[PDB]
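Visitor: Dropping in data_9.txt, which is compact mmCIF, C-alpha atoms:
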# COMPACT_ATOMS: atom_id res chain seq x y z
CA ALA X 121 2.37 23.41 13.14
CA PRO X 122 3.30 19.74 13.81
CA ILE X 123 1.71 18.71 10.48
CA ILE X 124 3.88 21.17 8.50
CA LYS X 125 7.07 19.48 9.78
CA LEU X 126 5.69 15.97 9.10
CA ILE X 127 5.09 16.62 5.38
CA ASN X 128 8.51 18.31 5.03
CA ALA X 129 10.29 15.42 6.78
CA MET X 130 8.35 12.93 4.65
CA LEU X 131 9.56 14.68 1.48
CA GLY X 132 13.11 14.55 2.87
CA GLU X 133 12.62 10.84 3.57
CA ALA X 134 11.29 10.39 0.01
CA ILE X 135 14.43 12.00 -1.44
CA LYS X 136 16.57 9.97 1.01
CA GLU X 137 15.18 6.60 -0.13
CA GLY X 138 15.09 7.74 -3.78
CA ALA X 139 11.31 7.77 -4.20
CA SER X 140 9.71 8.94 -7.45
CA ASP X 141 6.10 9.07 -6.23
CA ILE X 142 4.56 9.53 -2.77
CA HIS X 143 1.11 7.97 -2.22
CA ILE X 144 -1.15 9.28 0.56
CA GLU X 145 -4.30 7.13 0.60
CA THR X 146 -7.22 7.21 3.06
CA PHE X 147 -9.30 4.09 3.76
CA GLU X 148 -12.20 3.55 6.19
CA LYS X 149 -10.12 2.32 9.14
CA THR X 150 -6.50 3.11 8.20
CA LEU X 151 -4.44 5.90 6.63
CA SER X 152 -1.49 4.66 4.54
CA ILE X 153 1.65 6.35 3.21
CA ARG X 154 3.51 4.60 0.36
CA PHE X 155 6.52 5.46 -1.81
CA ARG X 156 7.18 3.99 -5.25
CA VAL X 157 10.95 3.72 -4.80
CA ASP X 158 12.22 2.61 -8.23
CA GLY X 159 8.88 1.36 -9.58
CA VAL X 160 8.18 -0.81 -6.51
CA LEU X 161 5.45 0.26 -4.07
CA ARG X 162 6.53 0.23 -0.42
CA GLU X 163 4.86 0.56 3.00
CA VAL X 164 6.55 3.37 4.97
CA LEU X 165 4.10 4.49 7.68
CA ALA X 166 0.48 3.99 8.76
CA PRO X 167 -0.39 7.05 10.89
CA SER X 168 -3.65 7.76 12.73
CA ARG X 169 -6.68 7.85 10.41
CA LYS X 170 -7.78 11.17 11.97
CA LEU X 171 -4.81 12.95 10.32
CA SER X 172 -6.16 12.22 6.79
CA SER X 173 -7.81 15.64 6.34
CA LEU X 174 -4.81 17.56 7.74
CA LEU X 175 -2.26 15.85 5.46
CA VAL X 176 -4.51 16.52 2.45
CA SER X 177 -4.93 20.16 3.56
CA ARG X 178 -1.18 20.78 4.03
CA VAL X 179 -0.17 19.32 0.66
CA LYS X 180 -2.91 21.42 -1.00
CA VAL X 181 -1.75 24.78 0.41
CA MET X 182 1.86 23.98 -0.55
CA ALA X 183 0.69 23.52 -4.16
CA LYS X 184 -1.70 26.52 -3.99
CA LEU X 185 -4.84 24.40 -4.44
CA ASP X 186 -8.37 24.74 -3.06
CA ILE X 187 -8.64 23.58 0.57
CA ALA X 188 -12.43 23.36 0.93
CA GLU X 189 -13.14 21.82 -2.50
CA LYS X 190 -13.11 18.04 -1.88
CA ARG X 191 -15.34 16.98 -4.81
CA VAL X 192 -13.13 17.49 -7.90
CA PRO X 193 -9.57 16.53 -8.93
CA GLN X 194 -6.93 19.25 -8.41
CA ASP X 195 -3.39 19.35 -9.85
CA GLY X 196 -0.70 21.78 -8.62
CA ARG X 197 3.05 22.43 -8.41
CA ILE X 198 5.76 23.09 -5.80
CA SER X 199 9.47 24.00 -5.97
CA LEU X 200 11.66 22.78 -3.08
CA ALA X 206 16.08 21.48 -6.52
CA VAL X 207 13.07 19.15 -6.38
CA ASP X 208 10.01 19.89 -8.54
CA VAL X 209 6.89 18.05 -7.35
CA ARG X 210 3.52 17.62 -9.11
CA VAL X 211 0.71 16.97 -6.62
CA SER X 212 -2.51 15.33 -7.84
CA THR X 213 -5.58 15.07 -5.58
CA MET X 214 -8.76 13.16 -6.44
CA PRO X 215 -12.10 12.43 -4.71
CA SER X 216 -12.82 8.98 -3.25
CA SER X 217 -15.12 7.14 -0.81
CA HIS X 218 -13.12 7.99 2.33
CA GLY X 219 -11.95 11.51 1.42
CA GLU X 220 -9.32 12.55 -1.13
CA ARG X 221 -6.29 10.57 -2.31
CA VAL X 222 -2.99 12.45 -2.79
CA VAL X 223 -0.04 11.63 -5.07
CA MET X 224 2.98 13.90 -5.64
CA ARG X 225 5.54 12.99 -8.31
CA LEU X 226 9.11 13.97 -7.40
CA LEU X 227 11.13 15.20 -10.41
CA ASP X 228 14.63 16.71 -10.22
CA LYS X 229 15.24 20.02 -12.03
CA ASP X 235 20.83 19.05 -27.49
CA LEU X 236 18.00 19.03 -30.04
CA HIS X 237 19.36 15.99 -31.92
CA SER X 238 19.61 14.02 -28.65
CA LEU X 239 15.94 14.77 -27.88
CA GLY X 240 14.75 13.29 -31.19
CA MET X 241 15.14 15.62 -34.19
CA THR X 242 16.88 14.21 -37.27
CA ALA X 243 19.89 15.90 -38.91
CA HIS X 244 17.67 17.45 -41.61
CA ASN Z 245 -11.28 -20.51 -17.20
CA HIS Z 246 -9.98 -19.21 -13.84
CA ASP Z 247 -6.32 -19.97 -14.67
CA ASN Z 248 -6.72 -18.27 -18.07
CA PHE Z 249 -8.40 -15.25 -16.45
CA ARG Z 250 -5.77 -15.21 -13.66
CA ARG Z 251 -2.90 -14.95 -16.15
CA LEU Z 252 -4.74 -12.27 -18.16
CA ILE Z 253 -5.55 -9.95 -15.22
CA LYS Z 254 -1.97 -10.45 -13.94
CA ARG Z 255 -0.40 -9.05 -17.14
CA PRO Z 256 1.53 -5.76 -16.78
CA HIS Z 257 -0.75 -3.92 -19.24
CA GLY Z 258 -3.72 -4.21 -21.62
CA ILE Z 259 -7.53 -4.03 -21.63
CA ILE Z 260 -9.71 -6.89 -20.33
CA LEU Z 261 -13.46 -6.52 -20.91
CA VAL Z 262 -16.40 -8.42 -19.40
CA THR Z 263 -19.51 -8.40 -21.61
CA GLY Z 264 -23.14 -9.58 -21.63
CA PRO Z 265 -26.63 -8.18 -20.89
CA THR Z 266 -27.96 -6.46 -17.75
CA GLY Z 267 -27.93 -8.62 -14.61
CA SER Z 268 -25.23 -10.99 -15.89
CA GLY Z 269 -22.92 -10.56 -12.87
CA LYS Z 270 -20.14 -8.56 -14.54
CA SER Z 271 -19.30 -6.41 -11.51
CA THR Z 272 -19.16 -9.50 -9.28
CA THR Z 273 -16.60 -10.99 -11.70
CA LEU Z 274 -14.56 -7.75 -11.85
CA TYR Z 275 -14.69 -7.37 -8.05
CA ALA Z 276 -13.44 -10.96 -7.72
CA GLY Z 277 -10.61 -10.16 -10.17
CA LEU Z 278 -9.55 -7.05 -8.24
CA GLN Z 279 -9.69 -8.93 -4.92
CA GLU Z 280 -7.39 -11.59 -6.41
CA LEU Z 281 -4.93 -8.88 -7.52
CA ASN Z 282 -5.38 -6.99 -4.23
CA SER Z 283 -1.77 -7.18 -3.04
CA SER Z 284 0.68 -4.84 -1.32
CA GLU Z 285 2.86 -4.84 -4.48
CA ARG Z 286 0.27 -3.08 -6.71
CA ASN Z 287 -1.67 0.20 -6.75
CA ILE Z 288 -5.28 -0.51 -7.79
CA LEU Z 289 -7.82 2.30 -8.31
CA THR Z 290 -11.37 2.31 -9.73
CA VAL Z 291 -14.00 4.66 -11.18
CA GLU Z 292 -17.56 3.37 -10.64
CA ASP Z 293 -21.16 4.54 -11.13
CA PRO Z 294 -22.05 3.66 -8.43
CA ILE Z 295 -19.61 1.74 -6.20
CA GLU Z 296 -21.20 -1.69 -5.68
CA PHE Z 297 -19.34 -2.37 -2.42
CA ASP Z 298 -16.05 -1.49 -0.69
CA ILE Z 299 -12.89 -3.53 -1.27
CA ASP Z 300 -10.54 -2.80 1.64
CA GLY Z 301 -7.04 -2.14 0.26
CA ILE Z 302 -8.24 -0.73 -3.08
CA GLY Z 303 -9.09 2.90 -3.91
CA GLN Z 304 -12.59 3.46 -5.30
CA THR Z 305 -13.79 6.81 -6.68
CA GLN Z 306 -17.48 7.39 -7.51
CA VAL Z 307 -18.92 9.19 -10.55
CA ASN Z 308 -20.31 12.43 -9.08
CA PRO Z 309 -22.58 14.55 -11.34
CA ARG Z 310 -22.78 17.41 -8.80
CA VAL Z 311 -19.15 18.42 -9.51
CA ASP Z 312 -19.17 17.18 -13.14
CA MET Z 313 -16.95 14.21 -12.18
CA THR Z 314 -17.57 11.80 -15.08
CA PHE Z 315 -16.04 8.44 -16.09
CA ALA Z 316 -13.70 10.22 -18.52
CA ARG Z 317 -12.64 12.91 -16.04
CA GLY Z 318 -12.44 10.32 -13.24
CA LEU Z 319 -10.32 7.96 -15.35
CA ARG Z 320 -8.16 10.90 -16.48
CA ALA Z 321 -7.60 11.77 -12.80
CA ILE Z 322 -6.79 8.19 -11.71
CA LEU Z 323 -3.98 7.99 -14.29
CA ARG Z 324 -2.16 10.82 -12.44
CA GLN Z 325 -2.06 8.74 -9.21
CA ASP Z 326 0.61 6.37 -10.62
CA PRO Z 327 -1.62 3.27 -10.86
CA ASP Z 328 -0.56 -0.26 -11.85
CA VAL Z 329 -4.10 -1.53 -12.54
CA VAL Z 330 -7.27 0.47 -13.27
CA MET Z 331 -10.93 -0.62 -13.26
CA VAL Z 332 -13.45 1.56 -15.10
CA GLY Z 333 -17.14 0.91 -14.36
CA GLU Z 334 -17.93 0.83 -18.07
CA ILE Z 335 -16.75 2.53 -21.28
CA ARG Z 336 -20.02 3.98 -22.59
CA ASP Z 337 -18.63 6.62 -24.98
CA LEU Z 338 -15.61 7.26 -27.25
CA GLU Z 339 -13.86 9.76 -24.94
CA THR Z 340 -13.71 7.26 -22.06
CA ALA Z 341 -12.51 4.49 -24.40
CA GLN Z 342 -9.81 6.73 -25.92
CA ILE Z 343 -8.34 7.29 -22.43
CA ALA Z 344 -8.60 3.57 -21.58
CA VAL Z 345 -6.80 2.65 -24.83
CA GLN Z 346 -4.07 5.21 -24.08
CA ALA Z 347 -3.93 3.90 -20.50
CA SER Z 348 -3.41 0.32 -21.72
CA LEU Z 349 -0.63 1.34 -24.13
CA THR Z 350 1.07 3.47 -21.44
CA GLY Z 351 1.97 0.63 -19.04
CA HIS Z 352 -1.36 0.26 -17.18
CA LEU Z 353 -3.62 -2.79 -17.01
CA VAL Z 354 -7.17 -1.59 -17.70
CA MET Z 355 -10.43 -3.35 -16.79
CA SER Z 356 -13.96 -2.45 -17.90
CA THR Z 357 -17.31 -3.71 -19.25
CA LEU Z 358 -19.50 -3.34 -22.34
CA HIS Z 359 -23.16 -4.27 -22.88
CA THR Z 360 -22.64 -6.61 -25.85
CA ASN Z 361 -24.26 -10.00 -26.44
CA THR Z 362 -21.09 -11.82 -27.56
CA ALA Z 363 -17.33 -11.82 -26.91
CA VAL Z 364 -16.86 -10.61 -30.50
CA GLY Z 365 -19.52 -7.99 -29.68
CA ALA Z 366 -17.00 -6.25 -27.39
CA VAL Z 367 -14.32 -5.94 -30.10
CA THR Z 368 -17.22 -4.95 -32.36
CA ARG Z 369 -18.38 -2.26 -29.93
CA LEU Z 370 -14.94 -0.59 -29.70
CA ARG Z 371 -14.83 -0.39 -33.52
CA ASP Z 372 -18.31 1.22 -33.48
CA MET Z 373 -17.57 4.06 -31.04
CA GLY Z 374 -14.58 5.14 -33.18
CA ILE Z 375 -11.46 3.41 -31.87
CA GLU Z 376 -9.07 2.88 -34.80
CA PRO Z 377 -9.21 -0.85 -35.76
CA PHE Z 378 -5.50 -1.16 -34.97
CA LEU Z 379 -5.63 0.23 -31.42
CA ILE Z 380 -7.89 -2.66 -30.36
CA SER Z 381 -5.41 -5.31 -31.58
CA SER Z 382 -2.45 -3.80 -29.71
CA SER Z 383 -4.19 -3.13 -26.38
CA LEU Z 384 -6.89 -5.81 -26.03
CA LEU Z 385 -5.84 -8.90 -24.05
CA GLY Z 386 -9.23 -10.63 -24.04
CA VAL Z 387 -13.01 -10.54 -23.61
CA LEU Z 388 -15.21 -12.44 -21.13
CA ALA Z 389 -18.78 -13.00 -22.36
CA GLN Z 390 -20.72 -13.93 -19.21
Write out the structure in this file as C-alpha cells.

Guide:
Amino acid sequence: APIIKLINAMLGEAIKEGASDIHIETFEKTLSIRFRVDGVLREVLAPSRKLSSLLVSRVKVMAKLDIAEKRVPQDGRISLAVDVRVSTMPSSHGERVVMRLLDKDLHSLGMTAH
Amino acid sequence: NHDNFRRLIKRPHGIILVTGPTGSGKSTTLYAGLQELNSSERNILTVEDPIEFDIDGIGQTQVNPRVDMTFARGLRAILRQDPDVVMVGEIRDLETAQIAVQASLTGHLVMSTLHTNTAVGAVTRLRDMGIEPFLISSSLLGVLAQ
C-alpha cells in the first residue's frame, strides 16, 4: 500500500538526518511528524489529518501490536541494523506514536577490578 | 511572581507543585504555565482527570478507568514518548509520586498539584506519602500556594 512505503521512507529519512526519536502526534485539525535529531525537536512534515489512523495502524503491525485496541498504551519492537522501540499511548485526538531508533568489556561497563 | 514562576517552569528539569484547597484555580495556573512554554522547541504532554480544556500544540491524555488507564500508568506511558516537560493532573498516591520524582531526576521537568493548605504543606505531603526526605530536596524546584 501507499502508507507502507511512506513509513519506510520516513524511517530512511530519520536515519538520513540522524534522528534518535520519531514523533507522530495527532491534534484536532493537524497531524504532525517530528524528529528529535540530536536532542532538538524538528518539524519535518504535516500531512493530511485523515491519515492519522493509518499511520498509527501501520506502525502497530510492524511492531506486532494490537490494531483495534486504542484505549491502552502498547510497546513493541522492530528489527530493520536499526532496532526501534515503538510506544503508543491514548490521547484526546487518537493515539500518539513514538519510536526510538537505536543502532545494534565488563570493567568498561562499570564493574570494579575486584 | 510571574518572572520567578517563568524562570522555574523554564528549567530543564525538576518538580513544580501548585497547592491550595478545592476551587483555588490551580489548573488555570498550570494551563497558563503550559501555554507560556508551548513552543515548537519542546515536547509537552499531560495526564489529566479530566482534561479541563484543549491546548492546541500540546498532547493531553485523559485518565480512563474503562481500560485501567490511571495517573501512574498514564505518567509511566508519557515518559516513553521522549517528553521535555510533563504535567500530571495531581499526585494523589505514592506510586504516582515515585514516577514523578524519577521523571524529575531523569531530565524531565514535572508539573503537578497537591491539596495542601500551605506551600510547606506540599513538601510536607510528599514526606507523608513515603518519598524519602532526600528525594524531595534534589528534585523539587518550588511550590505555589494559591

Visitor: Tell me, as a tab-separated table (two decimals) with C-alpha atoms, in the coordinates of the input, which residues lie within 10 Å of stretch 341-347 of chain Z, counting only C-alpha atoms; anything in the same chain fewer than 6 positions away does not count.

Guide:
chain	number	residue	atom	x	y	z
Z	257	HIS	CA	-0.75	-3.92	-19.24
Z	258	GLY	CA	-3.72	-4.21	-21.62
Z	259	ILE	CA	-7.53	-4.03	-21.63
Z	315	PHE	CA	-16.04	8.44	-16.09
Z	316	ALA	CA	-13.70	10.22	-18.52
Z	317	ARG	CA	-12.64	12.91	-16.04
Z	319	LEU	CA	-10.32	7.96	-15.35
Z	320	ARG	CA	-8.16	10.90	-16.48
Z	323	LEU	CA	-3.98	7.99	-14.29
Z	327	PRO	CA	-1.62	3.27	-10.86
Z	329	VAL	CA	-4.10	-1.53	-12.54
Z	330	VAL	CA	-7.27	0.47	-13.27
Z	331	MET	CA	-10.93	-0.62	-13.26
Z	332	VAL	CA	-13.45	1.56	-15.10
Z	334	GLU	CA	-17.93	0.83	-18.07
Z	335	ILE	CA	-16.75	2.53	-21.28
Z	353	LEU	CA	-3.62	-2.79	-17.01
Z	354	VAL	CA	-7.17	-1.59	-17.70
Z	355	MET	CA	-10.43	-3.35	-16.79
Z	356	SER	CA	-13.96	-2.45	-17.90
Z	370	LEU	CA	-14.94	-0.59	-29.70
Z	373	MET	CA	-17.57	4.06	-31.04
Z	374	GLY	CA	-14.58	5.14	-33.18
Z	375	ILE	CA	-11.46	3.41	-31.87
Z	376	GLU	CA	-9.07	2.88	-34.80
Z	379	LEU	CA	-5.63	0.23	-31.42
Z	380	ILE	CA	-7.89	-2.66	-30.36
Z	382	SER	CA	-2.45	-3.80	-29.71
Z	383	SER	CA	-4.19	-3.13	-26.38
Z	384	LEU	CA	-6.89	-5.81	-26.03

Visitor: Output the contact residues of chain X with respect to chain Z at a cut-off of 7 Å, based on all atoms listed in the file, as a VMD selection string.

Guide: chain X and resid 160 to 161 191 to 193 212 214 to 217 223

Visitor: For atom CA of residue Z:385 and atom CA of residue Z:369, determine how far apart the two atoms are, in Å to one decimal place.

Guide: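 It comes out at 15.4 Å.
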
Visitor: With distances taken over only C-alpha atoms, which residue among X:166, X:175, X:226, X:139 lies nearest residue X:126?

Guide: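 Checking each of X:166, X:175, X:226, X:139 against residue X:126, counting only C-alpha atoms, the winner is X:175.
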
Visitor: At a cut-off of 12 Å, using all atoms listed in the file, what residues contact residue X:150? Leave out same-chain residues fewer than 6 positions from it and give the result as a list in words.

Guide: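 So, after excluding close chain neighbours, the residues are residues 144, 165, 166, 167, 168, 169, 170, 171, 172 and 218 of chain X; 300 and 301 of chain Z.
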
Visitor: Keeping C-alpha atoms for every residue in the selection just given, could you write it to a file as a short mmCIF file (atom, residue, chain, number, x, y, z; two decimals), in the coordinates of the input?

Guide:
data_model
loop_
_atom_site.label_atom_id
_atom_site.label_comp_id
_atom_site.auth_asym_id
_atom_site.auth_seq_id
_atom_site.Cartn_x
_atom_site.Cartn_y
_atom_site.Cartn_z
CA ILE X 144 -1.15 9.28 0.56
CA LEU X 165 4.10 4.49 7.68
CA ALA X 166 0.48 3.99 8.76
CA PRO X 167 -0.39 7.05 10.89
CA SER X 168 -3.65 7.76 12.73
CA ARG X 169 -6.68 7.85 10.41
CA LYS X 170 -7.78 11.17 11.97
CA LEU X 171 -4.81 12.95 10.32
CA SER X 172 -6.16 12.22 6.79
CA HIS X 218 -13.12 7.99 2.33
CA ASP Z 300 -10.54 -2.80 1.64
CA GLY Z 301 -7.04 -2.14 0.26
#

Visitor: Restricting the calculation to only C-alpha atoms: of Z:252, Z:263, Z:269, Z:246, which residue gets closest to residue Z:368?

Guide: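 Nearest candidate to residue Z:368 out of Z:252, Z:263, Z:269, Z:246: Z:263.
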
Visitor: Calculated over all atoms listed in the file, which of the candidates Z:253, Z:261, Z:278, Z:338 has the smallest distance to residue Z:365?

Guide: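 Distance minimum relative to residue Z:365 lands on Z:261.
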
Visitor: Interatomic distance between atom CA of residue X:194 and atom CA of residue X:213?

Guide: 5.2 Å

Visitor: Could you tell me which of X:208, X:189, X:145, X:133 comes closest to residue X:228 if we count only C-alpha atoms?

Guide: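 Closest candidate: X:208.
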
Visitor: What gap, in Å, lies between atom CA of residue X:195 and atom CA of residue X:239?

Guide: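 According to the coordinates, atom CA of residue X:195 and atom CA of residue X:239 are separated by 26.8 Å.
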